[PDB]
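Trainee: Here it is, the structure in full.
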Amino acid sequence: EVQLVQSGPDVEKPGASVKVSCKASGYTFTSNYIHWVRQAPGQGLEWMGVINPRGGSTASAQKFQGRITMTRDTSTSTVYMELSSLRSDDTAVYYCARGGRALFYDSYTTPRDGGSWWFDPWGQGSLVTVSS
Amino acid sequence: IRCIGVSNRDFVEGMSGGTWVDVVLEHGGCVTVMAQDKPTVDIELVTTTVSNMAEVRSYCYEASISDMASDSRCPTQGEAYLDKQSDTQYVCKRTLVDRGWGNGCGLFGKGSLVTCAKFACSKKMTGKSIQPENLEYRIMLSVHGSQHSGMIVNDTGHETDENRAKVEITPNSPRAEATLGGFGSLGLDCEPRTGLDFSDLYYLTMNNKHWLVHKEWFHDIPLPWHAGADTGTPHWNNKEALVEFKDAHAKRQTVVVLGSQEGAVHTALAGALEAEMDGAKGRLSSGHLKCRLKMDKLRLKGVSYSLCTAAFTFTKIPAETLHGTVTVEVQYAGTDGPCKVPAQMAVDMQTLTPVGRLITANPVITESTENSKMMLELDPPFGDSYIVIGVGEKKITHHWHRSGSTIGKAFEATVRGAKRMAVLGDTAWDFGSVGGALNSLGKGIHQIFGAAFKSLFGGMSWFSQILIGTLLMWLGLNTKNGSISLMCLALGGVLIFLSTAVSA
Amino acid sequence: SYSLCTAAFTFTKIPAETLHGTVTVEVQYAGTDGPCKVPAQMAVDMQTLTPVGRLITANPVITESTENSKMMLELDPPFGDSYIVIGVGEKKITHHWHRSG
Amino acid sequence: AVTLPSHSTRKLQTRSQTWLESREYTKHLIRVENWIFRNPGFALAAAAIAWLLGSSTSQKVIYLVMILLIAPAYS
Amino acid sequence: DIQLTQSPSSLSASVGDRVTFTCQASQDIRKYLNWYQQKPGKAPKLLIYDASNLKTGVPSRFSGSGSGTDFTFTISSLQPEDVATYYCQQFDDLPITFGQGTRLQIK
Ligand SMILES: *[C@@H]1O[C@H](CO)[C@@H](O)[C@H](O)[C@H]1NC(C)=O
């Protein structure tokens with residue numbers, strides 16, 4: 001079925017970089033934008049950014065400018081998020097879900113949305129813990 | 001009401017001919033519309049608004065550099081490399097140094113070095129793209145009649161009241177018909193594209209300041225590009241305008257950072273136009289539009305009212321506006337009911353003989369207690385006149401003396417229309433308000449002449465157009481037959497007249 | 001034939017303008033009844049009552065009864081100014097285009 | 001870094017006052033005025049140049065205006 | 001960036017109640033809002049796309065409405081498997097913002 005499956009939880013040191021995978025199943029991999037969304041234990045959800053699995057384009061939030069970079073793998077149908085310059089604030093759970101309308105390249109928003117805007121294939125929720 | 005004392009209003013009127021009027025609304029100055037029937041209205045453009053905006057090039061106008069790395073190479077073994085190059089955060093340029101003895105490199109004669117450092121940035125310049133779609137014109141309007149001291153300030157209960165209305169116009173919704181209960185319809189059919197000629201204009205965001213630039217201006221400024229694409233430590237393009245590389249007499253090339261050009265772009269900005277607010281609804285000033293104002297139902301509501309007989313007392317002395325019309329506030333008490341008032345004016349005391357134009361035509365009263373006030377306005381003839389407001393023996397009077405000539409009115413109207421033709425371009429044709437022969441013909445001939453003029457003299461600047469106008473005038477006599485000399489004199493007069501425009 | 005179908009017309013998307021001077025409009029029709037025609041016009045006159053330009057897509061229509069059937073229309077405005085008229089003589093939404101060539 | 005697009009090239013002519021119009025309509029003239037105050041000999045030099053071109057006694061003044069407005073600005 | 005206030009913070013009701021949630025954006029979001037319920041640490045249950053529409057597979061006890069900037073989510077009948085944390089999501093302009101959350105508790 002249409003499903004995104006992520007890697008296991010990771011424990012990293014502050015100042016290092018973590019990499020989280022997001023593999024697709026059940027749909028054409030180059031047809032849905034993969035959005036990455038963090039969630040701290042207490043504080044609700046927070047959108048990290050967006051990659052297109054076609055062409056590997058990325059964009060992200062202002063709170064992560066220069067800290068995040070997203071790569072793809074069209075062969076294995078996988079999306080890699082590498083978060084660098086880790087802090088104790090980055091201890092969270094990371095999610096990845098398909099935006100959907102993903103015709104050409106990057107975020108598209110004045111065109112249509114909804115129908116799992118990105119609320120369907122969310123893998124599992126990779127716990128990332130940054131400590132010593 | 002709502003337009004008195006703006007020095008830019010204009011009186012538009014069509015002989016009966018159906019409702020067609022197609023008035024051209026400007027920002028900063030309203031317009032007022034009257035007819036034989038049809039209680040007079042006045043439309044002000046107050047605010048334009050562009051909602052959602054794209055993100056074109058940001059820029060960098062203030063830089064700071066980190067550590068400077070050099071790597072000089074001998075006169076053989078070729079050019080220089082410097083491992084801290086090949087990332088886009090550092091900006092590099094290569095020069096040549098003597099590289100003799102007592103310096104390493106036992107061959108003397110001109111090696112090279114690539115001394116170069118990091119390009120950080122603070123205070124982006126943040127251009128934004130706007131399209132003619134999803135903007136929002138916000139025109140407000142009133143009617144004459146009631147409303148003492150309407151006088152913009154409160155403007156929120158009045159749009160719940162019957163006299164004033166607020167019409168928001170999108171190019172998604174150009175047709176608009178706001179109610180005036182007791183007055184009528186106001187079928188605005190407006191044109192939210194041809195006004196300010198958007199999509200050639202970008203919305204620029206400095207340190208908490210915003211304006212509109214032309215886009216060919218925006219692409220050509222030499223500062224580092226941000227490109228537009230997001231999050232990541234940003235790949236600055238160019239990078240070479242801000243840092244400057246000066247070498248000491250032969251050796252040890254160094255880098256000056258050349259700090260903020262905020263004032264430099266502010267003084268290189270001269271002819272742009274400011275825009276106040278930026279939410280996710282960038283809100284902005286001056287810029288015009290056009291409306292076919294259909295008047296299908298404007299019932300007057302006061303014609304059925306019986307005129308009322310009591311003593312009318314002023315509070316304002318009647319004051320002349322800049323255009324020659326006279327506003328006059330007239331309170332009273334003593335009688336009741338939603339009555340008409342007489343508002344005429346005469347030349348003599350004896351015969352009532354109504355001379356001159358009544359702007360406010362059919363003014364009414366809100367039925368109330370002591371001193372209903374109503375502030376109607378009039379348009380006297382060119383000489384002396386008595387403004388008379390009461391009914392019978394206690395009719396209140398005022399000597400006026402308009403003091404403006406008849407031919408002076410035509411001259412000032414010619415100056416005002418020439419300012420319309422200079423500012424608007426083609427759209428001043430069809431401000432002349434009917435779909436006549438020499439309105440469409442005028443729009444066509446001024447369309448082709450204005451297009452050819454803007455193509456030839458593509459934004460000839462102030463001193464430039466003054467100087468070229470004087471040169472075309474001097475060639476405009478100078479010489480041979482009255483074909484070439486006449487058109488030279490004509491284009492010179494057009495340039496000098498376009499410099500005779502809004503400079504004050 | 002496909003009878004005229006007075007209804008309510010709400011746009012799905014903001015219409016646009018190709019570089020070969022045509023206009024692409026996408027309407028919802030708000031789902032009244034069945035497969036039936038939707039007329040469109042270019043108006044240099046009022047909100048109604050004068051067609052100019054040229055419709056590119058001939059016999060534009062709604063195929064299905066339910067809420068939002070999305071018909072896209074290619075249109076060809078005249079060189080000056082024009083509004084877009086969609087089916088109903090009274091209850092409808094319009095535009096402006098300014099063909100620019 | 002020389003921010004060469006003066007926006008007076010593409011000024012907008014709308015009914016409001018512009019961004020710097022009041023200080024714009026004098027600036028080139030007083031720049032030329034300060035330049036000819038600081039370099040008075042180029043007036044005599046440009047007169048000797050412009051007298052050699054045109055041979056028309058009214059084109060001489062035109063070449064004078066041309067040279068004496070080239071020399072402050074595009075120099 | 002496009003603040004999205006979600007009212008209230010947390011609620012509690014018995015089985016079979018009607019409950020409403022409010023989300024107010026500081027900016028005009030047209031009809032671009034979405035609605036999540038998330039069970040804690042689990043794959044969630046689907047509520048609303050486009051601020052007024054249900055998805056196939058969702059039970060019809062959930063509904064959403066809202067036109068300008070104020071949006072109302074509505075559960076007609078509360079059930080014991082509807083305890084979750086409720087979120088609303090903007091779609092416009094980018095830095096896509098979620099609400100703070102709305103927790104429920106079974107009485
Ligand atoms: C103030 O607003 C009220 C609306 O309740 C209006 O009736 C009144 O005339 C306004 N006053 C002035 C001076 O504009």
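In the structure tokens, each chain is lettered A, B, ... as it comes, each chain's residues begin at 1, and ligands are numbered from 1 in order of appearance.
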Please produce, as JSON lines, a per-residue contact table for chain B versus ligand 1 (criterion: any atom at most 12 Å away, only C-alpha atoms and all ligand atoms considered), showing the nearest atom pair and its distance in Å to one decimal, sorted by chain then residue number.
Mentor:
```
{"residue": "B:1", "atom": "CA", "partner": "ligand 1", "partner_atom_place_in_ligand_line": "14 (O)", "distance": 10.9}
{"residue": "B:2", "atom": "CA", "partner": "ligand 1", "partner_atom_place_in_ligand_line": "14 (O)", "distance": 10.6}
{"residue": "B:146", "atom": "CA", "partner": "ligand 1", "partner_atom_place_in_ligand_line": "9 (O)", "distance": 10.2}
{"residue": "B:147", "atom": "CA", "partner": "ligand 1", "partner_atom_place_in_ligand_line": "9 (O)", "distance": 6.7}
{"residue": "B:148", "atom": "CA", "partner": "ligand 1", "partner_atom_place_in_ligand_line": "9 (O)", "distance": 6.8}
{"residue": "B:149", "atom": "CA", "partner": "ligand 1", "partner_atom_place_in_ligand_line": "13 (C)", "distance": 5.2}
{"residue": "B:150", "atom": "CA", "partner": "ligand 1", "partner_atom_place_in_ligand_line": "14 (O)", "distance": 4.7}
{"residue": "B:151", "atom": "CA", "partner": "ligand 1", "partner_atom_place_in_ligand_line": "14 (O)", "distance": 5.8}
{"residue": "B:152", "atom": "CA", "partner": "ligand 1", "partner_atom_place_in_ligand_line": "14 (O)", "distance": 6.5}
{"residue": "B:153", "atom": "CA", "partner": "ligand 1", "partner_atom_place_in_ligand_line": "14 (O)", "distance": 5.4}
{"residue": "B:154", "atom": "CA", "partner": "ligand 1", "partner_atom_place_in_ligand_line": "1 (C)", "distance": 4.7}
{"residue": "B:155", "atom": "CA", "partner": "ligand 1", "partner_atom_place_in_ligand_line": "2 (O)", "distance": 6.8}
{"residue": "B:156", "atom": "CA", "partner": "ligand 1", "partner_atom_place_in_ligand_line": "4 (C)", "distance": 6.7}
{"residue": "B:157", "atom": "CA", "partner": "ligand 1", "partner_atom_place_in_ligand_line": "4 (C)", "distance": 4.0}
{"residue": "B:158", "atom": "CA", "partner": "ligand 1", "partner_atom_place_in_ligand_line": "4 (C)", "distance": 6.0}
{"residue": "B:159", "atom": "CA", "partner": "ligand 1", "partner_atom_place_in_ligand_line": "4 (C)", "distance": 9.1}
{"residue": "B:160", "atom": "CA", "partner": "ligand 1", "partner_atom_place_in_ligand_line": "4 (C)", "distance": 8.6}
{"residue": "B:161", "atom": "CA", "partner": "ligand 1", "partner_atom_place_in_ligand_line": "4 (C)", "distance": 8.1}
{"residue": "B:162", "atom": "CA", "partner": "ligand 1", "partner_atom_place_in_ligand_line": "7 (O)", "distance": 11.1}
{"residue": "B:163", "atom": "CA", "partner": "ligand 1", "partner_atom_place_in_ligand_line": "7 (O)", "distance": 11.0}
{"residue": "B:164", "atom": "CA", "partner": "ligand 1", "partner_atom_place_in_ligand_line": "6 (C)", "distance": 11.1}
{"residue": "B:366", "atom": "CA", "partner": "ligand 1", "partner_atom_place_in_ligand_line": "7 (O)", "distance": 11.8}
{"residue": "B:372", "atom": "CA", "partner": "ligand 1", "partner_atom_place_in_ligand_line": "9 (O)", "distance": 11.7}
{"residue": "B:373", "atom": "CA", "partner": "ligand 1", "partner_atom_place_in_ligand_line": "9 (O)", "distance": 10.8}
{"residue": "B:374", "atom": "CA", "partner": "ligand 1", "partner_atom_place_in_ligand_line": "9 (O)", "distance": 10.8}
```
Trainee: Can I get the selected residues back with C-alpha atoms, as a JSON list (two decimals), in the first residue's frame?
Mentor:
```json
[["chain", "number", "residue", "atom", "x", "y", "z"],
["B", 1, "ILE", "CA", -18.88, 65.36, 1.88],
["B", 2, "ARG", "CA", -15.89, 62.98, 1.60],
["B", 146, "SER", "CA", -27.15, 64.13, 5.16],
["B", 147, "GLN", "CA", -24.04, 63.65, 7.35],
["B", 148, "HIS", "CA", -22.62, 66.70, 9.05],
["B", 149, "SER", "CA", -18.85, 66.38, 9.64],
["B", 150, "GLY", "CA", -18.52, 63.12, 7.71],
["B", 151, "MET", "CA", -14.99, 64.27, 7.33],
["B", 152, "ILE", "CA", -13.24, 61.02, 6.96],
["B", 153, "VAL", "CA", -12.29, 60.16, 10.55],
["B", 154, "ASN", "CA", -14.79, 57.64, 11.94],
["B", 155, "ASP", "CA", -15.58, 55.78, 8.64],
["B", 156, "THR", "CA", -16.82, 52.57, 10.30],
["B", 157, "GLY", "CA", -20.35, 53.32, 11.45],
["B", 158, "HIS", "CA", -20.89, 55.15, 8.17],
["B", 159, "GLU", "CA", -20.54, 51.99, 6.09],
["B", 160, "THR", "CA", -23.29, 50.57, 8.29],
["B", 161, "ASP", "CA", -25.15, 53.84, 7.69],
["B", 162, "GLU", "CA", -26.90, 54.41, 4.41],
["B", 163, "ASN", "CA", -24.76, 57.18, 2.94],
["B", 164, "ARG", "CA", -21.28, 55.68, 2.78],
["B", 366, "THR", "CA", -32.80, 62.89, 9.51],
["B", 372, "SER", "CA", -29.93, 68.72, 12.38],
["B", 373, "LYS", "CA", -26.99, 69.94, 10.33],
["B", 374, "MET", "CA", -26.64, 68.27, 6.84]]
```
Trainee: Could you tell me which residues of chain E sit within 8 Å of chain A when counting only C-alpha atoms, and give me the result as a list in words?
Mentor: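 Selected residues: residues 34, 36, 41, 42, 43, 46, 49, 50, 55, 91, 92, 93, 94, 95, 96, 97, 98, 99, 100 and 101 of chain E.
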Trainee: Pull out every residue of chain C sitting within 8 Å of chain B, counting only C-alpha atoms, and send them as JSON, numbers by chain.
Mentor: {"C": [14, 46, 47, 93, 94, 95, 96, 97, 98]}
Trainee: Could you list, as a ChimeraX atom specification, every residue within 9 Å of segment 23-34 of chain D, counting only C-alpha atoms and ignoring same-chain residues fewer than 4 positions away?
Mentor: /B:270-271,462-463,503 /D:8,38-39,68-69,71-73
Trainee: Smallest atom-to-atom distance to chain C: which of A:40, A:88, A:54, A:111, using only C-alpha atoms?
Mentor: A:111
Trainee: Specify as a PyMOL selection string all residues of chain D found within 10 Å of chain B, counting only C-alpha atoms.
Mentor: chain D and resi 1-29+58+62+65
Trainee: Can I get the selection written as a PDB file, in the first residue's frame, with C-alpha atoms?
Mentor:
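Result went into again_0.pdb, see below:
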```
ATOM      1  CA  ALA D   1      29.275  48.146  -6.474  1.00  0.00           C
ATOM      2  CA  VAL D   2      28.611  51.322  -8.401  1.00  0.00           C
ATOM      3  CA  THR D   3      24.812  51.123  -8.283  1.00  0.00           C
ATOM      4  CA  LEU D   4      24.435  52.492 -11.826  1.00  0.00           C
ATOM      5  CA  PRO D   5      20.672  51.924 -12.396  1.00  0.00           C
ATOM      6  CA  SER D   6      19.396  55.340 -11.423  1.00  0.00           C
ATOM      7  CA  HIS D   7      15.662  54.690 -11.273  1.00  0.00           C
ATOM      8  CA  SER D   8      14.939  58.079 -12.856  1.00  0.00           C
ATOM      9  CA  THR D   9      15.462  56.120 -16.089  1.00  0.00           C
ATOM     10  CA  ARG D  10      12.220  54.302 -15.249  1.00  0.00           C
ATOM     11  CA  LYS D  11      10.412  56.804 -13.036  1.00  0.00           C
ATOM     12  CA  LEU D  12       6.686  56.435 -12.440  1.00  0.00           C
ATOM     13  CA  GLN D  13       4.587  59.481 -13.226  1.00  0.00           C
ATOM     14  CA  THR D  14       1.643  58.874 -10.879  1.00  0.00           C
ATOM     15  CA  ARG D  15      -0.230  61.660  -9.053  1.00  0.00           C
ATOM     16  CA  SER D  16       1.656  61.267  -5.788  1.00  0.00           C
ATOM     17  CA  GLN D  17       5.077  62.716  -5.150  1.00  0.00           C
ATOM     18  CA  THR D  18       7.825  60.244  -5.991  1.00  0.00           C
ATOM     19  CA  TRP D  19      10.594  58.897  -3.732  1.00  0.00           C
ATOM     20  CA  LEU D  20      13.098  61.761  -4.085  1.00  0.00           C
ATOM     21  CA  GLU D  21      11.588  64.054  -6.762  1.00  0.00           C
ATOM     22  CA  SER D  22      11.993  67.271  -4.753  1.00  0.00           C
ATOM     23  CA  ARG D  23      15.699  66.639  -4.340  1.00  0.00           C
ATOM     24  CA  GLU D  24      15.918  65.059  -7.809  1.00  0.00           C
ATOM     25  CA  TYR D  25      15.006  67.965 -10.060  1.00  0.00           C
ATOM     26  CA  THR D  26      18.135  70.007  -9.146  1.00  0.00           C
ATOM     27  CA  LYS D  27      20.859  67.441  -8.557  1.00  0.00           C
ATOM     28  CA  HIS D  28      22.458  67.055 -11.993  1.00  0.00           C
ATOM     29  CA  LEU D  29      22.504  70.815 -12.545  1.00  0.00           C
ATOM     30  CA  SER D  58      25.051  78.345 -33.429  1.00  0.00           C
ATOM     31  CA  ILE D  62      25.505  73.204 -28.891  1.00  0.00           C
ATOM     32  CA  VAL D  65      26.665  72.350 -23.903  1.00  0.00           C
TER      33      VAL D  65
END
```
Trainee: Quick one: everything within 7 Å of residue 62 of chain E, counting only C-alpha atoms, minus sequence neighbours fewer than 3 positions away in the same chain. Send it as a PyMOL selection string.
Mentor: chain E and resi 47+59+74-76
Trainee: Since we have the selection now, will you write its residues out, keeping N, CA and C atoms, as a tab-separated table (two decimals), in the first residue's frame?
Mentor:
```tsv
chain	number	residue	atom	x	y	z
E	47	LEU	N	-8.60	13.38	9.61
E	47	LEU	CA	-9.82	14.16	9.75
E	47	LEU	C	-10.22	14.97	8.51
E	59	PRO	N	-14.64	8.15	9.21
E	59	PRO	CA	-16.04	8.13	9.63
E	59	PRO	C	-16.64	9.53	9.58
E	74	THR	N	-15.51	20.13	14.05
E	74	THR	CA	-16.67	19.69	14.81
E	74	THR	C	-16.76	18.17	14.84
E	75	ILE	N	-16.72	17.61	16.03
E	75	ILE	CA	-17.05	16.20	16.24
E	75	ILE	C	-18.50	16.14	16.71
E	76	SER	N	-19.33	15.41	15.96
E	76	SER	CA	-20.74	15.30	16.31
E	76	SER	C	-20.93	14.39	17.52
```
Trainee: Which residues come within 7 Å of residue 53 of chain C, counting only C-alpha atoms, excluding same-chain residues fewer than 4 positions away, as a ChimeraX atom specification?
Mentor: /C:42,76-78
Trainee: Which parts of chain D does DSSP call alpha helix (DSSP H) when run on the backbone here, written out as a PyMOL selection string?
Mentor: chain D and resi 21-24+27-38+41-50+59-73
Trainee: Those residues with N, CA and C atoms, as a tab-separated table (two decimals), in the first residue's frame please?
Mentor:
```
chain	number	residue	atom	x	y	z
D	21	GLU	N	11.80	63.11	-5.66
D	21	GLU	CA	11.59	64.05	-6.76
D	21	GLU	C	12.00	65.48	-6.43
D	22	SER	N	11.69	65.91	-5.20
D	22	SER	CA	11.99	67.27	-4.75
D	22	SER	C	13.49	67.52	-4.70
D	23	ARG	N	14.25	66.51	-4.31
D	23	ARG	CA	15.70	66.64	-4.34
D	23	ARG	C	16.27	66.11	-5.65
D	24	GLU	N	15.43	65.59	-6.54
D	24	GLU	CA	15.92	65.06	-7.81
D	24	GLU	C	15.98	66.13	-8.89
D	27	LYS	N	19.61	68.05	-9.01
D	27	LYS	CA	20.86	67.44	-8.56
D	27	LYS	C	21.91	67.39	-9.66
D	28	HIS	N	21.49	67.12	-10.90
D	28	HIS	CA	22.46	67.05	-11.99
D	28	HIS	C	22.98	68.44	-12.33
D	29	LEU	N	22.12	69.44	-12.25
D	29	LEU	CA	22.50	70.81	-12.54
D	29	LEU	C	23.48	71.33	-11.50
D	30	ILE	N	23.24	71.02	-10.22
D	30	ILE	CA	24.17	71.54	-9.22
D	30	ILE	C	25.44	70.70	-9.16
D	31	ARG	N	25.39	69.46	-9.65
D	31	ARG	CA	26.62	68.69	-9.83
D	31	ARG	C	27.51	69.31	-10.91
D	32	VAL	N	26.91	69.70	-12.04
D	32	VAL	CA	27.66	70.37	-13.10
D	32	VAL	C	28.17	71.73	-12.62
D	33	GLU	N	27.37	72.40	-11.79
D	33	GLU	CA	27.75	73.70	-11.24
D	33	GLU	C	28.97	73.59	-10.33
D	34	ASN	N	28.98	72.58	-9.46
D	34	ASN	CA	30.14	72.37	-8.59
D	34	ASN	C	31.36	71.92	-9.40
D	35	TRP	N	31.14	71.17	-10.48
D	35	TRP	CA	32.28	70.72	-11.28
D	35	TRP	C	32.92	71.88	-12.02
D	36	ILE	N	32.11	72.80	-12.54
D	36	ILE	CA	32.70	73.92	-13.29
D	36	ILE	C	33.23	74.98	-12.33
D	37	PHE	N	32.76	74.97	-11.08
D	37	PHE	CA	33.42	75.79	-10.07
D	37	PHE	C	34.78	75.24	-9.72
D	38	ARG	N	34.92	73.91	-9.64
D	38	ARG	CA	36.21	73.35	-9.27
D	38	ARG	C	37.18	73.25	-10.44
D	41	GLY	N	39.18	76.00	-15.87
D	41	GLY	CA	39.97	76.07	-17.08
D	41	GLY	C	39.43	75.19	-18.19
D	42	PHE	N	38.65	74.17	-17.84
D	42	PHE	CA	38.09	73.30	-18.87
D	42	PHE	C	37.00	74.01	-19.66
D	43	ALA	N	36.45	75.10	-19.12
D	43	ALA	CA	35.54	75.94	-19.89
D	43	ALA	C	36.26	76.58	-21.07
D	44	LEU	N	37.45	77.14	-20.83
D	44	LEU	CA	38.23	77.74	-21.91
D	44	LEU	C	38.75	76.67	-22.86
D	45	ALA	N	39.09	75.50	-22.31
D	45	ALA	CA	39.54	74.39	-23.15
D	45	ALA	C	38.42	73.87	-24.04
D	46	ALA	N	37.21	73.74	-23.49
D	46	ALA	CA	36.08	73.25	-24.26
D	46	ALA	C	35.60	74.29	-25.25
D	47	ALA	N	35.81	75.57	-24.95
D	47	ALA	CA	35.51	76.62	-25.92
D	47	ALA	C	36.45	76.53	-27.11
D	48	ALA	N	37.74	76.29	-26.85
D	48	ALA	CA	38.70	76.16	-27.94
D	48	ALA	C	38.47	74.88	-28.74
D	49	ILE	N	37.96	73.83	-28.09
D	49	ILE	CA	37.61	72.62	-28.83
D	49	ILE	C	36.37	72.86	-29.68
D	50	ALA	N	35.31	73.39	-29.07
D	50	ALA	CA	34.01	73.48	-29.72
D	50	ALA	C	34.00	74.56	-30.80
D	59	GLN	N	26.00	76.14	-33.82
D	59	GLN	CA	26.36	74.78	-33.45
D	59	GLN	C	27.49	74.78	-32.43
D	60	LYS	N	28.21	75.90	-32.34
D	60	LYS	CA	29.29	76.07	-31.38
D	60	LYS	C	28.75	76.00	-29.96
D	61	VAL	N	27.62	76.66	-29.72
D	61	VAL	CA	27.00	76.67	-28.39
D	61	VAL	C	26.47	75.28	-28.06
D	62	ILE	N	26.01	74.56	-29.09
D	62	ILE	CA	25.51	73.20	-28.89
D	62	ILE	C	26.64	72.27	-28.49
D	63	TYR	N	27.79	72.38	-29.17
D	63	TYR	CA	28.95	71.59	-28.77
D	63	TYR	C	29.48	71.99	-27.40
D	64	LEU	N	29.37	73.27	-27.04
D	64	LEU	CA	29.74	73.70	-25.70
D	64	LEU	C	28.89	73.02	-24.64
D	65	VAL	N	27.57	72.99	-24.86
D	65	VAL	CA	26.67	72.35	-23.90
D	65	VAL	C	26.93	70.85	-23.84
D	66	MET	N	27.18	70.23	-25.00
D	66	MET	CA	27.49	68.81	-25.07
D	66	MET	C	28.75	68.45	-24.29
D	67	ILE	N	29.85	69.15	-24.54
D	67	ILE	CA	31.11	68.84	-23.86
D	67	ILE	C	31.02	69.18	-22.37
D	68	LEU	N	30.43	70.32	-22.03
D	68	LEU	CA	30.39	70.75	-20.64
D	68	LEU	C	29.34	70.01	-19.83
D	69	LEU	N	28.54	69.16	-20.48
D	69	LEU	CA	27.73	68.23	-19.71
D	69	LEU	C	28.22	66.79	-19.82
D	70	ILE	N	29.08	66.47	-20.79
D	70	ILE	CA	29.79	65.20	-20.75
D	70	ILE	C	30.78	65.18	-19.60
D	71	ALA	N	31.60	66.22	-19.49
D	71	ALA	CA	32.74	66.29	-18.58
D	71	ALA	C	32.43	66.11	-17.08
D	72	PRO	N	31.29	66.57	-16.54
D	72	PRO	CA	31.02	66.21	-15.14
D	72	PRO	C	30.54	64.77	-14.95
D	73	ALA	N	29.65	64.28	-15.81
D	73	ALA	CA	28.84	63.11	-15.50
D	73	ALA	C	29.34	61.75	-15.97
```
Trainee: Could you check the closest approach to residue 5 of chain E for each of E:77, E:105, E:89, E:56 and tell me which residue wins, using only C-alpha atoms?
Mentor: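 Answer, going by the shortest atom-to-atom distance: E:89.
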Trainee: Pick out the residues sitting within 10 Å of residue 106 of chain E, and hand them over as a ChimeraX atom specification; count only C-alpha atoms, and ignore anything fewer than 5 positions along from it in its own chain.
Mentor: /E:11-15,78-83
Trainee: For the residues in the current selection, export C-alpha atoms as a short mmCIF file (atom, residue, chain, number, x, y, z; two decimals), in the first residue's frame.
Mentor:
```cif
data_model
loop_
_atom_site.label_atom_id
_atom_site.label_comp_id
_atom_site.auth_asym_id
_atom_site.auth_seq_id
_atom_site.Cartn_x
_atom_site.Cartn_y
_atom_site.Cartn_z
CA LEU E 11 -10.68 19.47 26.49
CA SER E 12 -12.62 16.64 28.09
CA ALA E 13 -16.05 15.24 27.31
CA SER E 14 -18.11 12.09 27.66
CA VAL E 15 -18.98 9.56 24.98
CA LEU E 78 -17.40 11.66 20.73
CA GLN E 79 -16.26 8.04 20.87
CA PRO E 80 -13.61 6.40 23.11
CA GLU E 81 -11.31 5.86 20.10
CA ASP E 82 -11.36 9.59 19.32
CA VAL E 83 -9.01 10.55 22.15
#
```
Trainee: Given the choices A:2, A:79, A:70, A:18, which gets closest to chain B if the distance is worked out from only C-alpha atoms?
Mentor: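 Counting only C-alpha atoms, the residue closest to chain B is A:70.
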Trainee: Set the cut-off to 8 Å and count only C-alpha atoms: what are the residues of chain B that reach chain E? Output as a PyMOL selection string.
Mentor: chain B and resi 52+279-281
Trainee: Dump C-alpha atoms for the selected residues as an mmCIF file, in the first residue's frame?
Mentor:
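The resulting file, part25.cif, is shown below:
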```cif
data_model
loop_
_atom_site.group_PDB
_atom_site.id
_atom_site.type_symbol
_atom_site.label_atom_id
_atom_site.label_comp_id
_atom_site.auth_asym_id
_atom_site.auth_seq_id
_atom_site.Cartn_x
_atom_site.Cartn_y
_atom_site.Cartn_z
ATOM 1 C CA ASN B 52 0.478 36.950 -1.788
ATOM 2 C CA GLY B 279 1.850 41.577 6.248
ATOM 3 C CA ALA B 280 0.917 38.693 4.060
ATOM 4 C CA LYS B 281 -1.092 41.561 2.574
#
```
Trainee: At a cut-off of 7 Å, using only C-alpha atoms, what residues contact segment 10-15 of chain B? Leave out same-chain residues fewer than 6 positions from it and give the result as a PyMOL selection string.
Mentor: chain B and resi 21+31-35+433
Trainee: Taking only C-alpha atoms into account, report as a list in words which residues of chain B lie within 7 Å of chain A.
Mentor: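 Residues passing the distance filter: residues 230, 231, 232 and 233 of chain B.
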Trainee: Take the residues from that selection and put them in a file with N, CA, C and O atoms, as a compact mmCIF listing (two decimals), in the first residue's frame.
Mentor:
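Saved result, part_37.txt, follows:
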```txt
# COMPACT_ATOMS: atom_id res chain seq x y z
N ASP B 230 15.48 29.10 -1.40
CA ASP B 230 15.56 29.02 0.06
C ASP B 230 16.73 28.50 0.91
O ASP B 230 17.89 28.47 0.52
N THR B 231 16.32 28.13 2.12
CA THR B 231 17.11 27.61 3.22
C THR B 231 18.32 26.75 2.86
O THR B 231 18.26 25.90 1.97
N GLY B 232 19.44 27.00 3.54
CA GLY B 232 20.75 26.55 3.13
C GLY B 232 21.43 27.83 3.52
O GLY B 232 20.77 28.88 3.59
N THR B 233 22.72 27.77 3.82
CA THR B 233 23.46 29.04 3.94
C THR B 233 23.59 29.54 2.50
O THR B 233 23.91 28.72 1.63
```
